[PDB]
Ligand SMILES: *[C@@H]1O[C@H](CO)[C@@H](O[C@@H]2O[C@H](CO)[C@@H](O)[C@H](O)[C@H]2NC(C)=O)[C@H](O)[C@H]1NC(C)=O
Ligand SMILES: *[C@@H]1O[C@H](CO)[C@@H](O[C@@H]2O[C@H](CO)[C@@H](O)[C@H](O)[C@H]2NC(C)=O)[C@H](O)[C@H]1NC(C)=O
Ligand SMILES: *[C@@H]1O[C@H](CO)[C@@H](O[C@@H]2O[C@H](CO)[C@@H](O)[C@H](O)[C@H]2NC(C)=O)[C@H](O)[C@H]1NC(C)=O
Ligand SMILES: *[C@@H]1O[C@H](CO)[C@@H](O[C@@H]2O[C@H](CO)[C@@H](O)[C@H](O)[C@H]2NC(C)=O)[C@H](O)[C@H]1NC(C)=O
Ligand SMILES: *[C@@H]1O[C@H](CO)[C@@H](O)[C@H](O)[C@H]1NC(C)=O
Ligand SMILES: *[C@@H]1O[C@H](CO)[C@@H](O)[C@H](O)[C@H]1NC(C)=O
Ligand SMILES: *[C@@H]1O[C@H](CO)[C@@H](O)[C@H](O)[C@H]1NC(C)=O
């Protein structure tokens, strides 16, 4: 009955990549942990369960552009990044 | 420059046997070939999404330009996104999409990870960053600055003093707008500029068609309809004939998966080139002569295309 | 200098903790090793495949049959194993091509990021590149790019040029910014306002043609000291 349990019930969600079962779709947007396809991604979140969601591309940021506004940095931070 | 290809995948057992249990039993003798072959296709499939990620995901924040497009006279309407349109593709991205123009035998086409809408969103974000903050957003946080000033000191990278730009702002604006109009006409015209992407699509399509067509070949067997041999022949002679057909189909798949690997390596050598081109020609100002288009490079704008990217230098 | 040194040392400490952490950013090298092991194991397991022969142990065929039929059975085994070797070798060539391309890119990275300093944005790591230190690793190389990232930005009002006595003025290297009441010329990547003078600017034509020019007094360093 394991395959029957993971085929029936309300935990079913249609998607362009195919039918997803077992996971629960949510409206919150987060970074793509595991790529499913067609922008949908899955991750483990709080009890704990396997959620499905539209991957968030990132935080939106409306730049305050104007014909006379300029931003100048008043500090700096030395950083190190590893590459392999 | 092309960036990826259709994420194709094939069920080895379905293509070789198509539900024939006898053929499957014979295929068991060949061992891990189906797993290893399908393992090779999965790698290519992941490679496509990796390439697209390395090309367009270089921006960490989804910037957006304000509604007051007072860019010192420069009209950037043709490249900015169309809010009145359902898809948020730019105007020039509508000509690109319109200009560019199987499952039966176990073949499958997985959808790309990133949809066209999100790809267009990344392009719009990059345009917003380049238009409103120059190269500052590439290195770190986006710093707003007037576009006229950006172009002004961008000329310092070409050894020309900014006084020339400020003295000829109107003329530069007119020339830029006219040039944009020429690009619009060129893509709107019958020009074959998009041949590079069309060739990739056609190559993969005809390759798949060749693979399907190969099934009709008997490879020296009495016939190509698998059920026909099993109907007309008893199990003893059927084994030698079905073995020949199995060998032929396996050979075809091997040829199909070997060409795909080579074509994937090439298209990923192109992807890396595109990524470096975007990082240098969009997020900065490269002194490398003729790298970012012919002539001294000022800036570049990227525009989404099917399976590729189109740069306006 | 002191702040830069402390930041550098702390950055190295963060790198040490990140590498020693339970996570692993070295997945790329691990993939190469795993791929080679995968191919080798597949090639080894292929030996047990019979390929339609009565048995995969060649000695059994040599002992169970007489040569007039053993050559046929052996021919089947020959075909199967030869095909396996061909596939394995071809895959090795393709992987070799990928590794060589990565190696060449690494060599270019070494020359342009460790020896010198590269103007290519985003090539030698994220942000403005300062230098890079290489480190050896099994079957690969690890680059520690040291980069400069500006921070703590502030809003400022600006004008592209300054009009002083009809003649336009432009900044030699900096840009003109104001705190809301007083204008200043300052460095492009680090706020350091200085009084606008004839030494940090150059004149080019009339103000009337410059769009957005803002009238502002320009200081002369010679006249305030010419007491004669
Ligand atoms: C810019 O910010 C830095 C923050 O790193 C200031 O220097 C100090 O840095 C140490 C870490 O090495 C911190 O513990 C101190 O709290 C920081 N002090 C300050 C004033 O934040 C640096 O002085 C700042 N420079 C300015 C204000 O331009
Ligand atoms: C900027 O360009 C756009 C697109 O060309 C202009 O929008 C239309 O332009 C056509 C001529 O190409 C006119 O016939 C239409 O009347 C224009 N419609 C609009 C929205 O006004 C736009 O006018 C141009 N000006 C700017 C800077 O927005
Ligand atoms: C912006 O800076 C100017 C010039 O420094 C300020 O005006 C004062 O000017 C005198 C002479 O230069 C200085 O000794 C004072 O330090 C300045 N006052 C201050 C508060 O800096 C002007 O007031 C400053 N305005 C702002 C927004 O702080
Ligand atoms: C800068 O000064 C010039 C000259 O004063 C301004 O143009 C106008 O010129 C006439 C004739 O000299 C004067 O009567 C006006 O008073 C000037 N207007 C102003 C606002 O001063 C020019 O407009 C000034 N620009 C700025 C930004 O103040
Ligand atoms: C979640 O998204 C669906 C999509 O149609 C919408 O109908 C629903 O109202 C949303 N719920 C919340 C809480 O946002
Ligand atoms: C600059 O000013 C605008 C308008 O007051 C504001 O929206 C923006 O957040 C400011 N930027 C910074 C960095 O303070
Ligand atoms: C900047 O924009 C404002 C508002 O549109 C306008 O009043 C002002 O004249 C503009 N200045 C320049 C130099 O374009």
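Heads up, residue numbers simply count up from 1 along the chain you see.
For all residues, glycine too, the Cβ spot is worked out from N, Cα and C.
Marked as disulfide bond by Swiss-Prot on the basis of experimental evidence: B:12-B:34, B:17-B:23, B:281-B:292. What Swiss-Prot records for B:75 is N-linked glycosylation site, and it gives experimental evidence as the kind of evidence. The region 'Heptad repeat 1' annotation in Swiss-Prot covers B:169-219 and is backed by sequence analysis.
Summarised by DSSP class, the composition of the region 'Heptad repeat 1' (B:169-219) is 42 helix, 0 strand, 9 coil. The two recorded residues, residue B:34 (disulfide bond) and residue B:281 (disulfide bond), show a Cα separation of 43 Å.
Rounded to a whole number, the distance between the Cα atoms of the residue listed as 'N-linked glycosylation site' and residue B:17 (disulfide bond) is 60 Å. Ranked by how many other Cβ atoms sit within 10 Å of their Cβ, the disulfide-bonded residues B:12, B:281 place B:12 at the bottom. Screening the recorded positions B:17, B:34, B:75 for a C-beta under 6 A from any atom of ligand 2 leaves B:75. When the C-alpha distances from residue B:23 (disulfide bond) to the disulfide-bonded residues B:12, B:281, B:292 are tabulated, the minimum falls on B:12. With every protein chain in view, the residue among the disulfide-bonded residues B:34, B:292 whose Cβ has the most Cβ partners within 10 Å turns out to be B:292. Note: the CA-CA distance between the residue listed as 'N-linked glycosylation site' and residue B:281 (disulfide bond) rounds to 21 Å. Using a 10 Å Cβ-Cβ cutoff, the residue listed as 'N-linked glycosylation site' registers 15 neighbours. Not one of the recorded positions listed as B:17, B:23, B:75 brings a Cβ under 6 Å of any atom of ligand 7.
Over all protein chains present, the Cβ of residue B:23 (disulfide bond) has 21 other Cβ atoms lying within 10 Å.
A separation of roughly 44 Å, to the nearest angstrom, links the Cα atoms of residue B:292 (disulfide bond) and residue B:12 (disulfide bond). Cα to Cα, residue B:12 (disulfide bond) and residue B:281 (disulfide bond) are separated by 43 Å.
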